[PDB]
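Protein chains in written order, with the authors' numbering: chain AE, 2 to 273; chain AU, 5 to 184; chain AH, 2 to 186; chain AN, 78 to 150; chain AK, 1 to 201; chain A8, 2 to 126; chain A9, 35 to 137.
Comments concern the structure below.
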Amino acid sequence: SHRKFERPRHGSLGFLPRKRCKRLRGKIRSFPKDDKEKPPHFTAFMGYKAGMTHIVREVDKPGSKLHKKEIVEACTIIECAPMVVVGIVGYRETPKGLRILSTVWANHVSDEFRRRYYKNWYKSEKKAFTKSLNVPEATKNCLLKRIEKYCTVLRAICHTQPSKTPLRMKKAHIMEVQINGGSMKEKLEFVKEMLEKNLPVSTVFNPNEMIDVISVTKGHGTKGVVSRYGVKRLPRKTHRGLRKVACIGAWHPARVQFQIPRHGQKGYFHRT
Amino acid sequence: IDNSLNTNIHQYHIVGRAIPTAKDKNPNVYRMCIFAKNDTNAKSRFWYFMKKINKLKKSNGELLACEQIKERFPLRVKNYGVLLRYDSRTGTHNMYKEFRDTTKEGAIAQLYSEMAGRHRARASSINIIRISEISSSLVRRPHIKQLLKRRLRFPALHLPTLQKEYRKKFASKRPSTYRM
Amino acid sequence: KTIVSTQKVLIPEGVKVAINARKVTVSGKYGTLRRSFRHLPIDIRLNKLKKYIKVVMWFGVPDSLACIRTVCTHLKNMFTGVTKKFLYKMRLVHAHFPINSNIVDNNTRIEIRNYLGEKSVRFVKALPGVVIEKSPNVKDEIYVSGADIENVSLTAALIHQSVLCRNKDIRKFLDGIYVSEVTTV
Amino acid sequence: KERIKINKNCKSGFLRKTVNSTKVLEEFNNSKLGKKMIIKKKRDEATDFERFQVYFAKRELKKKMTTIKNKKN
Amino acid sequence: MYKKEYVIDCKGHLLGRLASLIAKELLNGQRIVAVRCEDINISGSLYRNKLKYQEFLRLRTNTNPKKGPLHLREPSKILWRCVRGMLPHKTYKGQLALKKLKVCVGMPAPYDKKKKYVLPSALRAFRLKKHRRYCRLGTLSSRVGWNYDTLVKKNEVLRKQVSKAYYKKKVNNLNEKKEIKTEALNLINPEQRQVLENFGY
Amino acid sequence: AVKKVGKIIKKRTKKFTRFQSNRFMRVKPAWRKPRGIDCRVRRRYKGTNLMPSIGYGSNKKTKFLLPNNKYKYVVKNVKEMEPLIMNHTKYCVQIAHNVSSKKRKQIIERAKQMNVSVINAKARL
Amino acid sequence: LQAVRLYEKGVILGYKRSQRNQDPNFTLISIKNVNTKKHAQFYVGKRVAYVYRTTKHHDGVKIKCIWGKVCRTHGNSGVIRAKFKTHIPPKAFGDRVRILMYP
RNA sequence: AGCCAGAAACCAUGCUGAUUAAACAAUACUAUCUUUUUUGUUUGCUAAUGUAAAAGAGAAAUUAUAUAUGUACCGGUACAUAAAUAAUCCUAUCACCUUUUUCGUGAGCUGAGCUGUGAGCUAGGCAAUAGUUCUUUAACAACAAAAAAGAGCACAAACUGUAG
RNA sequence: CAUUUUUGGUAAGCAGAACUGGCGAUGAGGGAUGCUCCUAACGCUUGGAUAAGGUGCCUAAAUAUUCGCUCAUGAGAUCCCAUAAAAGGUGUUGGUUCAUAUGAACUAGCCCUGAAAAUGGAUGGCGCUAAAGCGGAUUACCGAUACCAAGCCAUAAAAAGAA
RNA sequence: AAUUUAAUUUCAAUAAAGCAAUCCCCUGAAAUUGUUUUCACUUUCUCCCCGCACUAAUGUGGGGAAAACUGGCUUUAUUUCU
């Protein structure tokens with residue numbers, strides 16, 4: 002028979018399976034869509050979380066109970082060392098999805114970038130990158146021309162400068178940033194012009210802008226069902242503990258339905 | 005002759021009478037034509053009619069004559085009108101249909117096919133009451149009237165069909181419905 | 002079942018007709034209309050020199066007969082359209098609040114304002130080839146005109162549908178924009 | 078395509094006299110599909126020597142044709 | 001049956017029949033490259049087909065949808081699932097038959113310059129009556145969320161420009177060959193020429 | 002299937018197997034008739050341990066005859082070979098398993114003289 | 035060019051099946067362009083050869099062969115029943131078979 | 001028959017997973033290595049074989065289906081062209097060496113001269129011969145030996161704690 | 001337990017009988033699947049030709065022929081056997097009766113409405129609309145441990161026998 | 001792939017003659033079963049008249065005639081022209 006009273010299920014289904022993220026670095030799942038009319042420009046930027054502070058702000062908003070007065074609000078601080086662009090990527094559309102056509106690199110890349118393509122920088126002989134980097138400018142232009150002719154989306158390869166931070170690691174964070182804007186030629190022009198120079202946040206955003214933030218959640222290891230999903234505790238008298246769900250499904254169908262929450266990993270989740 | 009377009013419905017003329025007795029010295033003799041899939045079947049159908057109409061059964065009677073009828077001019081068209089008695093799921097109905105054909109036999113074969121298609125009549129469930137060739141001016145059904153027009157012609161618009169030799173599983177390009 | 006069905010459709014004086022494999026095309030004084038019929042079995046035959054169009058069907062059934070009549074009438078409307086455009090007169094009715102009809106965008110986009118005092122705008126963009134003019138005569142008339150019998154009607158229907166109220170007795174509240182008169186320019 | 082002008086009534090004697098007289102079968106044979114039909118019937122029925130003969134002739138044709146093409150430049 | 005690879009232009013074919021015909025050939029051992037699946041037709045009205053497919057999409061295991069029936073939305077893959085249905089795929093011989101089949105939407109590069117065949121038994125125009133509705137698989141695919149239809153169409157148009165250029169050259173080449181052949185025909189000895197002539201070559 | 006050779010047709014090969022001896026160790030491999038209230042094998046279910054029955058039997062004019070084309074006779078002493086001189090063309094000796102090598106040799110030698118085939122000829126040398 | 039065939043190509047289909055029961059005595063063969071009962075009937079008396087390759091030598095060579103005979107047509111569509119000296123191994127389903135000119 | 005607007009519904013978009021696709025691409029750097037020829041693959045080992053498909057496995061227009069396609073003018077117009085379409089077309093056997101003569105390409109020299117290789121014409125006299133069939137050993141790919149020719153990472157360890 | 005006959009009970013894969021056949025104790029081929037339905041009862045084999053049933057693919061035989069009917073925004077599809085009715089329908093198809101090439105009235109085929117249930121989901125599945133649907137007819141074919149011919153085995157009887 | 005003499009209302013040409021015109025082989029519709037009589041039924045690549053290009057129609061809608069080419073019959077020969 003039907004349950005005696007009804008409540009929403011604990012926890013969203015929409016993030017199951019609640020396993021650990023593959024990578025410490027975040028990933029953009031999807032970019033803004035390419036409105037043709039706007040100039041070429043960057044869509045993303047990489048930063049480090051430094052902490053929270055509070056701020057005091059005066060409120061214009063009319064017809065509000067709060068209205069005229071200043072209010073106190075929590076806020077986060079994200080340190081942003083200027084990104085360095087190192088490569089250009091051209092993707093082309095196929096029925097089986099985006100496939101990369103070619104990538105063109107700058108004429109130098111710094112040690113902080115280089116360290117990421119190794120595990121053991123101290124032990125290594127540091128022989129990565131040097132001979133490709135050499136190859137002459139006609140070759141680069143030929144690949145650029147091929148990209149220019151056919152590619153439908155262009156993305157720029159950017160990296161953080163962790164030495165301009167107080168953080169322990171020296172292996173940089175590399176991340177791709179899609180360019181949205183004008184003609185393929187303009188897009189390519191803008192990335193070429195930018196290339197080996199350094200890119201600060203003011204070039205990518207504006208004051209008063211609304212932004213989307215992508216980050217991996219705080220870890221907790223494996224946590225109990227109550228903590229992990231919000232389940233109400235069982236009464237005290239209970240013989241084999243209390244901090245656990247009291248049913249994991251009906252007799253039929255004769256398997257544990259997935260939807261019932263169980264103990265497990267909490268945190269280190271991807272979130273947009 | 006083509007077996008594929010062959011049918012086996014024929015017309016048989018059957019004549020029979022009651023076995024003579026002290027009561028009946030000279031009996032009333034009966035003849036009928038009956039449309040059948042063979043001569044034995046013709047006899048059986050005739051016997052069933054004998055039981056239904058007259059007072060007779062096979063056991064107390066005798067066949068005087070059995071002979072096949074076949075069309076006199078099987079390659080000139082006739083308009084045959086038929087009147088049927090049939091049984092439905094609710095009950096019983098009389099009905100009159102017209103058929104363009106080359107023999108009585110052809111007409112009956114089409115009629116059985118039609119009665120099965122439009123009325124779900126099984127062969128058991130059909131009873132032929134009178135079939136006769138009807139003059140062109142007296143035709144009563146519209147699809148037969150259309151055929152009887154002075155200079156009948158029309159374009160072919162049926163799909164191609166052909167032997168097993170050419171009906172192969174792969175082809176050079178799409179074939180054409182069109183035709184010239 | 003029936004062997005032959007036909008129909009013979011006169012062509013007006015000004016039209017430039019040109020059919021081809023059930024892609025009918027009519028051009029004339031007020032523009033060119035193309036209207037496919039290759040969904041249908043039909044032996045359309047053309048007759049430019051002496052005018053007229055002949056529609057002929059082989060081996061119809063009553064469904065097919067219905068279609069022949071449907072195609073011919075529709076074609077005749079197309080001739081009528083290119084010769085002399087369709088004018089659909091739509092009177093805008095109000096019991097109380099005065100329904101404000103603002104025509105913009107070169108006789109496209111009629112913006113309707115103030116319906117039952119709702120203080121909100123209802124915009125209804127027209128079909129292509131469709132003029133929305135206002136009458137110079139009686140103040141609440143609004144002209145929907147064009148070459149295509151379909152597009153003007155659909156535009157009129159869209160306008161009519163866009164306006165009318167919700168959750169009040171429709172016996173009592175009559176306000177809204179209605180089709181008066183089917184005419185030509 | 079071809080058709081004879083015969084009456085509706087027609088039976089076989091009149092049909093033989095007429096079909097021969099107006100020579101309609103000849104017209105069909107002269108027509109492309111008829112021409113291809115007669116070639117096909119022969120080609121199916123052809124003897125072993127004939128099959129070789131066509132190959133030899135075709136090979137000879139290929140030699141001359143290839144030589145002309147080579148010349149043509 | 002006896003050739004290394006049949007390439008099939010699936011355009012205008014009826015789904016089930018194409019699948020059945022393909023399956024028998026696959027089972028026998030003939031390799032099949034199915035190309036251009038989006039203009040496969042399913043018979044009947046669009047709405048009916050969508051509704052039926054929506055019920056198929058709706059079907060899922062209660063327990064764990066990872067082990068639920070796979071839906072798919074890609075037209076070539078739809079054809080492929082249908083072919084799998086018509087083979088005994090849980091067997092090993094059957095599994096080989098399923099493997100023998102390769103499917104793709106549009107036309108990829110090594111199939112560009114190889115002859116497409118059509119199966120005339122499964123051609124739409126010769127099997128569905130002309131007052132009874134029909135439906136493009138690609139359209140169905142777009143409606144149930146495939147969203148790769150416009151791109152394939154763009155590709156088809158591009159291939160056509162290449163094809164027309166090739167065909168124009170080819171027709172011209174046929175003319176050159178024909179012209180040389182007629183000219184050098186009367187350089188052949190009479191007897192050989194006569195035999196060649198007799199069979200009209 | 003049937004195993005023809007020359008004049009010798011034997012109908013069946015693959016020595017009949019006691020049901021279930023495949024999947025329990027205790028069940029002995031040599032034949033047994035299943036009894037059983039209902040069990041497949043007695044009931045002659047399709048494709049399962051086909052029961053032997055007499056009609057399989059070898060032809061009655063060739064019933065025991067070795068591919069030697071001579072009937073096997075077991076011999077443990079040279080005296081026992083006294084009859085088989087008169088059937089040397091149709092019986093063949095086998096020297097009994099127990100017989101020690103000195104005696105065995107003597108039996109082989111006597112047989113060779115007598116012109117009779119000796120099947121386990123190379124035994125114990 | 036060298037070694038021209040003088041035999042008609044073929045494909046070894048299944049065994050002489052019936053639904054869910056198997057007879058291995060007869061093989062079913064499709065012959066290169068046969069398609070009808072009548073056309074099939076022309077090949078009826080003819081010799082069949084299944085030739086196949088093995089990894090290591092037998093009689094010093096890598097090829098062995100099983101011999102058969104066509105023996106009756108099967109169905110309408112030109113398939114033939116073929117009887118071999120030894121049952122065809124079913125792994126050769128879909129493999130090639132040779133229908134020779136002799137006798 | 002043809003269409004249109006229209007819902008917390010449906011599907012995307014979005015968002016999460018993707019050793020759920022035994023999936024996959026690009027790129028950086030690297031370990032005798034690559035090509036041709038020859039012979040072979042008839043202490044657990046220290047030379048080494050496999051084919052679900054060779055016997056001519058021949059065939060790139062493209063679009064309809066109650067019409068198509070070129071071409072020419074400006075989807076319209078005109079004129080051709082396919083209309084049992086693979087029921088077609090293609091494509092193979094003229095060995096040998098020698099005599100005569102014509103035409104293509106690779107290589108050496110600065111549109112030309114020469115040699116090798118491919119194709120043809122002309123003339124010669126020259127080979128095949130296992131005792132009746134028992135697969136017509138002929139394909140593709142893989143390998144090993146032999147000559148000849150060219151050429152650094154990761155894991156651990158210590159450290160970390162954004163992780164457990 | 002099934003047909004047919006049948007008594008109780010609202011009915012029941014319910015209770016109780018009658019006749020016969022089964023099943024039980026019985027495989028094999030078909031009915032997708034199944035103790036009872038259909039076919040047919042079984043020594044071991046070789047070849048032949050079929051039954052019951054099928055012949056789009058799964059799946060061996062026909063994408064057979066021939067004339068009809070049928071579109072379904074919850075079609076339909078195989079005895080037992082795995083539900084569907086009363087009542088409607090200006091859906092199409094035939095009829096039949098009336099009236100002055102139409103209006104009336106009836107009728108029965110398919111089809112539609114009536115037609116609601118819980119794990120996901122079942123014409124056996126994929127699928128099918130110029131059917132692979134429904135109703136026929138026509139062929140041809142495929143198809144058993146049954147049938148025919150032949151071999152071999154045992155059993156039973158019979159002939160028949162005391163250089 | 002065929003085949004013999006039967007039987008069963010089979011036929012069809014051939015090439016010379018003839019016969020009848022809504023005629024004929026037939027088949028319709030009419031005045032304890034025969035039988036006879038009335039008028040009904042063919043073509044057309046023919047002609048004429050109206051509709052004059054009106055058609056789906058290299059023709060046509062309607063209304064009239066014409067003929068025996070075509071069909072049907074009677075004879076006389078003939079059967080490998082078929």
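We put the beta carbon where it would ideally sit given N, CA and C, even for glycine.
Going by DSSP in three states, residue i sits in which element: helix, strand or coil?
{"i": "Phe129 (chain AN)", "result": "helix"}
{"i": "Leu79 (chain AU)", "result": "coil"}
{"i": "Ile115 (chain AN)", "result": "helix"}
{"i": "residue 191 (chain AU)", "result": "One cannot answer for residue 191 (chain AU) here, as it falls past the ends of chain AU, which runs 5 to 184."}
{"i": "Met184 (chain AU)", "result": "coil"}
{"i": "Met87 (chain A8)", "result": "helix"}
{"i": "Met115 (chain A8)", "result": "helix"}
{"i": "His123 (chain AU)", "result": "helix"}
{"i": "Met195 (chain AE)", "result": "helix"}
If you count every other CB in all the chains shown that lies within 10 Å of the CB of residue i, and 16 or more means buried, which is it?
{"i": "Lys267 (chain AE)", "result": "buried"}
{"i": "residue 2 (chain AU)", "result": "Nothing can be reported for residue 2 (chain AU), as the shown portion of chain AU is limited to 5 through 184."}
{"i": "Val45 (chain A9)", "result": "buried"}
{"i": "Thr120 (chain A9)", "result": "exposed"}
{"i": "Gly231 (chain AE)", "result": "exposed"}
{"i": "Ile65 (chain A9)", "result": "buried"}
{"i": "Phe6 (chain AE)", "result": "exposed"}
{"i": "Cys99 (chain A9)", "result": "exposed"}
Between which two residues does the beta strand (DSSP E) harbouring residue i extend?
{"i": "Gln179 (chain AE)", "result": "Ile175 to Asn181"}
{"i": "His97 (chain AU)", "result": "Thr96 to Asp105"}
{"i": "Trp106 (chain AE)", "result": "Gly98 to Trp106"}
List the DSSP bridge partners of residue i.
{"i": "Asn55 (chain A9)", "result": "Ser52 (chain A9)"}
{"i": "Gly44 (chain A9)", "result": "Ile65 (chain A9) and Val131 (chain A9)"}
Kindly indicate the opening and closing residues of the alpha helix (DSSP H) around residue i.
{"i": "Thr140 (chain AE)", "result": "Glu138 to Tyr151"}
Contact set between the stretch 28–62 of chain AH and chain AK, restricted to residues whose Cβ is under 7 angstroms from the partner: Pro42
Contact set between the stretch 163–179 of chain AU and chain AK, restricted to residues whose Cβ is under 9 angstroms from the partner: From the stretch 163–179 of chain AU, only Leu163, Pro164, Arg171, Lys172, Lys173, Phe174, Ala175, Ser176, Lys177, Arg178 and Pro179 have a Cβ closer than 9 angstroms to chain AK.
Residues from the stretch 113–130 of chain AK in contact with chain AU, defined by Cβ distance under 8 angstroms: Listed in sequence order: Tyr117, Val118, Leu119, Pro120, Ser121, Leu123, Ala125 and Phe126.
Under 7 angstroms (Cβ pairs) to chain AK, residues found in the stretch 41–67 of chain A9: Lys43, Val45, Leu47, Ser64 and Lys66
Near-chain AE residues of the stretch 53–84 of chain AK (beta-carbon distance less than 7 angstroms), N- to C-terminal order: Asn62, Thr63 and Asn64
Residues within the stretch 115–130 of chain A9 neighbouring chain AK, beta-carbon criterion of under 8 angstroms: Answer in chain order: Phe127, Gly128 and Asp129.
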